[PDB]
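*Asks:* Counting the sequence shown from 1 gives a position; our numbering is that position plus 16.
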Amino acid sequence: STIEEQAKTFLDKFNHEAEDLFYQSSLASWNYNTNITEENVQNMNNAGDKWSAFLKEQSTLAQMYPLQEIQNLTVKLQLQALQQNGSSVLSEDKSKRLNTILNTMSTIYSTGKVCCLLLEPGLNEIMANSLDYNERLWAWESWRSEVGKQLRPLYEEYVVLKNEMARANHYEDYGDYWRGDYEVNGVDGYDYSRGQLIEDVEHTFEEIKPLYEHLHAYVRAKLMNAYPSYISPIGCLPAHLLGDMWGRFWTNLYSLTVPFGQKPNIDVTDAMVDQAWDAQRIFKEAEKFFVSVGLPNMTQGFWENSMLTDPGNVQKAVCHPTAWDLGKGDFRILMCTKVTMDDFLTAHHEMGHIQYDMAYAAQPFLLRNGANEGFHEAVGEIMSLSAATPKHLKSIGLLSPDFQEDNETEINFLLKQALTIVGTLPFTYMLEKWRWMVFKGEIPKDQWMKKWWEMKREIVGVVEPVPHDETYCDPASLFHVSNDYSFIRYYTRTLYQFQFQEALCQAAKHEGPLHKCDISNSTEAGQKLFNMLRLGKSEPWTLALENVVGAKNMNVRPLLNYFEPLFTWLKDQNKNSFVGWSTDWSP
Ligand SMILES: *[C@@H]1O[C@H](CO)[C@@H](O)[C@H](O)[C@H]1NC(C)=O
Ligand SMILES: *[C@@H]1O[C@H](CO)[C@@H](O)[C@H](O)[C@H]1NC(C)=O
Ligand SMILES: *[C@@H]1O[C@H](CO)[C@@H](O)[C@H](O)[C@H]1NC(C)=O
Ligand SMILES: *[C@@H]1O[C@H](CO)[C@@H](O)[C@H](O)[C@H]1NC(C)=O
Ligand SMILES: *[C@@H]1O[C@H](CO)[C@@H](O)[C@H](O)[C@H]1NC(C)=O
Ligand SMILES: *[C@@H]1O[C@H](CO)[C@@H](O)[C@H](O)[C@H]1NC(C)=O
Ligand SMILES: [Cl-]
Ligand SMILES: [Cl-]
Ligand SMILES: [Cl-]
Ligand SMILES: [Cl-]
Ligand SMILES: [Cl-]
Ligand SMILES: [Zn+2]
Numbered sequence: 017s018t019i020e021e022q023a024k025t026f027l028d029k030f031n032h033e034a035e036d037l038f039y040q041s042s043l044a045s046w047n048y049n050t051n052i053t054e055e056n057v058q059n060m061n062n063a064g065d066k067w068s069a070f071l072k073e074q075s076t077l078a079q080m081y082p083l084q085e086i087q088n089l090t091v092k093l094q095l096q097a098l099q100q101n102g103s104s105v106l107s108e109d110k111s112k113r114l115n116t117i118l119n120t121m122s123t124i125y126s127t128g129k130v131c132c133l134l135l136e137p138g139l140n141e142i143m144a145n146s147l148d149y150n151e152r153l154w155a156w157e158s159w160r161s162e163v164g165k166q167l168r169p170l171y172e173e174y175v176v177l178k179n180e181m182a183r184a185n186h187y188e189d190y191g192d193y194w195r196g197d198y199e200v201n202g203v204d205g206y207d208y209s210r211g212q213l214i215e216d217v218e219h220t221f222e223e224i225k226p227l228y229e230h231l232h233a234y235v236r237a238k239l240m241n242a243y244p245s246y247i248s249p250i251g252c253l254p255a256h257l258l259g260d261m262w263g264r265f266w267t268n269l270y271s272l273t274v275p276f277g278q279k280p281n282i283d284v285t286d287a288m289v290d291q292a293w294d295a296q297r298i299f300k301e302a303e304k305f306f307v308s309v310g311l312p313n314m315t316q317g318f319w320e321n322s323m324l325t326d327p328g329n330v331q332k333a334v335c336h337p338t339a340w341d342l343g344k345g346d347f348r349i350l351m352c353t354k355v356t357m358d359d360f361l362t363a364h365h366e367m368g369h370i371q372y373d374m375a376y377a378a379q380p381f382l383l384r385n386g387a388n389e390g391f392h393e394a395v396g397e398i399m400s401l402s403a404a405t406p407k408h409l410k411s412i413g414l415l416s417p418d419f420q421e422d423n424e425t426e427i428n429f430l431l432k433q434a435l436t437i438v439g440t441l442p443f444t445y446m447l448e449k450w451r452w453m454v455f456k457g458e459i460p461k462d463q464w465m466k467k468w469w470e471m472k473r474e475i476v477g478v479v480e481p482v483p484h485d486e487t488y489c490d491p492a493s494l495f496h497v498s499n500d501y502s503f504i505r506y507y508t509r510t511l512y513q514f515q516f517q518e519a520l521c522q523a524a525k526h527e528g529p530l531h532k533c534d535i536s537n538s539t540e541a542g543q544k545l546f547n548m549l550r551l552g553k554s555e556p557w558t559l560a561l562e563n564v565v566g567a568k569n570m571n572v573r574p575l576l577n578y579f580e581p582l583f584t585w586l587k588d589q590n591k592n593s594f595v596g597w598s599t600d601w602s603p
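1) If you reduce the DSSP assignment to three classes, tell me which class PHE38 lands in.
2) Using C-beta distances below 6 Å, list every residue in its chain close to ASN268, excluding the 5 sequence neighbours before and after it, in chain order.
3) Taking the straight line between their C-alpha atoms, what separation do you get for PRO581 and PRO529?
4) Could you spell out the range, first to last residue, of the alpha helix (DSSP H) harbouring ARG348?
5) Have a look at the DSSP bridge pairing and note the partners of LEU133.
6) Measuring alpha carbon to alpha carbon, tell me which of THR362, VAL334, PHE265, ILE282 ends up nearest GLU303.
7) Give me, in chain order, the residues of the same chain whose beta-carbon lies closer than 6 Å to that of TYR125; leave out the 5 immediate sequence neighbours on both sides.
8) Return yes when the C-beta of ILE504 is under 6 Å from any heavy atom of ligand 9, and no when it is not.
9) With hydrogens ignored, establish whether the beta-carbon of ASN313 is closer than 6 Å to any heavy atom of ligand 4.
10) For residue 613, list the residues DSSP reports as bridge partners.
11) CB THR487 to CB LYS165, shorter than 7 Å?
12) What is the DSSP secondary structure of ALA560, reduced to helix, strand or coil?
13) Across which residues does DSSP place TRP340 in a beta bridge pair?
14) Can you tell me the Cβ-Cβ gap for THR338 and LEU324, rounded? I've got them flagged as a contact below 8 Å.
15) Helix, strand or coil: how does DSSP classify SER598 here?
16) If we count the other Cβ atoms within 10 Å of its Cβ and call it buried at 16 or more, is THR353 buried or exposed?
17) Is it true that the CB of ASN590 sits closer than 7 Å to the CB of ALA233?
18) So, helix, strand or coil for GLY251, using DSSP?
19) So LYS553 packs on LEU559, CB below 8 Å; how close in whole Å?
20) Could you give the distance in angstroms between the alpha-carbon of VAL289 and the alpha-carbon of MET357?
21) What number of angstroms, rounded off, separates the C-alpha of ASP28 from the C-alpha of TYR501?
22) Let me confirm a value: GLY202 is counted as buried when at least 16 other C-beta atoms fall within 10 Å, else exposed. Which label applies?
23) Pull up the distance between the alpha-carbon of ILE224 and that of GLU421, whole angstroms please.
24) Three-state secondary structure (DSSP) at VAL395?
25) Locate the alpha helix (DSSP H) running through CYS521, then write down its first and last residues.
26) Have a look at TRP194 and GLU173 and give me their C-alpha separation to the nearest angstrom.
27) Below 8 Å, how does it come out for the stretch 476–484 and the stretch 542–551: are there three or more Cβ pairs, yes or no?
28) Nearest-angstrom Cα distance between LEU551 and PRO169?
29) Can you tell me which of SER245, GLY386, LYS472 puts its alpha carbon nearest to the alpha carbon of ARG505?
30) Is the closest heavy atom of ligand 10 to the C-beta of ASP260 under 6 Å?
31) When you compare only the Cα positions, how much space is there between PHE299 and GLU20?
32) Straight-line CA distance for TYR578 to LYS112?
33) Kindly identify the DSSP beta-bridge partner or partners of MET323.
Set out below in structure tokens:
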């Protein structure tokens with residue numbers, strides 16, 4: 017009886033106990049989310065507590081099998097997923113304090129109000145739709161001070177305690193700890209070090225820099241037309257004018273940046289209601305789409321047990337669209353579907369999640385997940401990509417067969433896509449680099465805010481409207497920061513998404529620009545995609561990516577391919593205009 021054999025037996029017992037307990041908890045959670053009542057909340061909480069206690073004791077047991085005596089990499093992966101210590105390395109008092117800090121930061125972020133209006137919906141409405149410089153500036157500064165000033169000391173203590181936990185687990189810092197979510201060891205030709213992630217993010221960002229610079233110059237010009245005196249044509253962009261509370265996405269800038277405002281966007285909602293479509297039809301069409309590439313039908317249970325429309329005033333439900341994998345062959349979608357194009361695309365996205373879940377359902381319990389934190393949402397996004405293309409809507413009868421394309425409408429659509437995708441990439445990289453640097457200890461508190469805005473100036477070309485000192489905590493003014501979430505996932509997922517789409521459209525023998533591509537009816541693309549989906553978390557994410565795209569590494573080139581018509585059109589628009597920005601300017 018070797019250690020590896022004992023560990024195999026332990027994992028056997030664990031899987032059988034865990035699948036049952038996880039199913040009971042997931043079903044309690046489903047009963048709540050589709051039927052909000054006190055009885056259902058208590059059942060959900062009790063089942064979740066039972067599951068957490070089970071995982072606690074099972075991790076304690078798992079730690080009694082030393083990994084260095086495990087040669088089988090699958091057994092090692094599962095044991096490792098169980099043996100994570102985390103905050104438990106801290107003393108009882110230090111963990112108590114850290115959890116109090118985390119709870120406090122979350123509560124003040126969620127209950128914060130400026131006098132009084134609360135972030136959702138008031139200030140969000142202002143930052144999305146207001147065209148008054150003073151109103152927007154006020155809301156921006158108000159949140160930064162009213163909330164950030166509170167969060168600052170809490171965040172300093174949070175940094176100290178999180179770095180203590182990370183070094184107690186043998187990481188260099190909390191940032192190194194998070195970079196662990198991309199690490200791979202023991203598999204020659206597929207290993208990936210925690211440092212490699214930074215190097216590769218910075219490499220792909222070096223390649224994204226020209227497209228972002230030209231989008232920046234375009235948006236700066238258009239915003240100047242919208243804000244006469246307030247913007248310099250060689251300087252950075254005021255943070256309170258970027259379409260949301262942080263400039264995370266530039267989506268709401270469309271009104272001010274649409275290249276051809278007289279050319280409407282394609283919106284088949286009217287066609288969906290005129291053909292008398294219902295949620296059943298929408299989900300059946302998504303299912304047909306997936307069947308078209310050789311993936312299986314949704315289970316009978318899926319149709320029997322899902323919630324695909326709002327149950328109305330009879331009972332309240334959590335209407336956020338979500339895909340559920342309860343285990344034991346039970347797959348569902350929760351969605352308060354309305355007959356609208358957005359809901360058609362979101363249905364495709366979530367059923368893409370379900371297809372992923374079904375694909376890796378034969379893997380051990382602990383290996384049932386995306387290859388890494390970015391894989392699932394990329395799989396979801398590429399479905400909506402294929403569903404929205406005019407080729408596909410014609411194919412499924414939502415556009416008239418003679419519906420003529422138009423470069424102006426296509427460039428409009430591509431602009432919007434840029435404002436979101438390309439816009440958020442430098443934001444995300446800059447935010448996570450600031451956090452990495454704070455955790456690594458390269459930014460003393462005295463320069464915290466300074467470095468932040470310096471980086472905002474250099475990397476993303478955005479400047480603060482008001483001078484900010486070290487009493488604020490502007491990064492903590494965003495949910496992910498104040499609620500202790502990694503952020504680089506958005507960069508990596510966005511790049512993986514277009515890598516996937518390019519590889520699959522190639523397999524589908526698509527000709528022409530990448531954004532016009534529909535993978536429908538391609539069993540080649542379906543097979544390429546399934547060869548990855550079925551692995552779940554069992555193989556290195558480098559290999560999972562190779563199975564789809566033929567290369568083992570993250571690459572931004574497909575995103576540039578997707579945007580190349582817009583990149584060229586922008587370069588044409590900006591040829592007689594300054595591109596780039598000076599970090600010296602300030603409003
Ligand atoms: C919702 O929950 C309540 C309380 O548990 C229960 O009485 C009711 O039957 C549930 N509704 C449905 C549709 O199951
Ligand atoms: C690792 O162990 C699993 C059973 O736990 C087995 O299915 C698999 O073949 C083993 N891998 C190798 C390389 O022996
Ligand atoms: C969890 O803690 C034990 C010591 O208490 C340690 O030997 C083990 O390696 C830790 N887990 C991991 C994944 O390092
Ligand atoms: C998928 O389901 C449809 C009915 O919705 C059925 O006609 C078809 O044969 C099924 N195909 C597969 C491959 O499951
Ligand atoms: C795929 O084939 C079906 C016939 O089964 C057809 O109705 C549909 O228009 C085709 N779509 C594409 C994009 O070729
Ligand atoms: C649309 O694009 C084609 C190909 O680049 C070009 O020949 C045509 O002149 C363009 N038309 C408009 C209206 O932009
Ligand atoms: Cl989601
Ligand atoms: Cl599961
Ligand atoms: Cl995105
Ligand atoms: Cl900010
Ligand atoms: Cl994501
Ligand atoms: Zn999703």
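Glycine residues also receive a C-beta, built at the ideal position from the N, C-alpha and C atoms.
*Replies:* Working from what's here:
1) helix
2) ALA144, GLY259
3) 8 Å
4) First-last for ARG348: 346–350, but that is the beta strand (DSSP E), not the alpha helix (DSSP H).
5) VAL130
6) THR362
7) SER498
8) no
9) yes
10) This structure cannot speak to residue 613, because the chain is shown only from 17 to 603.
11) yes
12) helix
13) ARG348
14) Not a contact, Cβ separation roughly 12 Å.
15) strand
16) buried
17) yes
18) strand
19) That belief does not hold up - the Cβ atoms of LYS553 and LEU559 are roughly 12 Å apart, past 8 Å.
20) 10 Å
21) 32 Å
22) exposed
23) 28 Å
24) helix
25) 505–523
26) 18 Å
27) no
28) 44 Å
29) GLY386
30) no
31) 45 Å
32) 48 Å
33) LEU350
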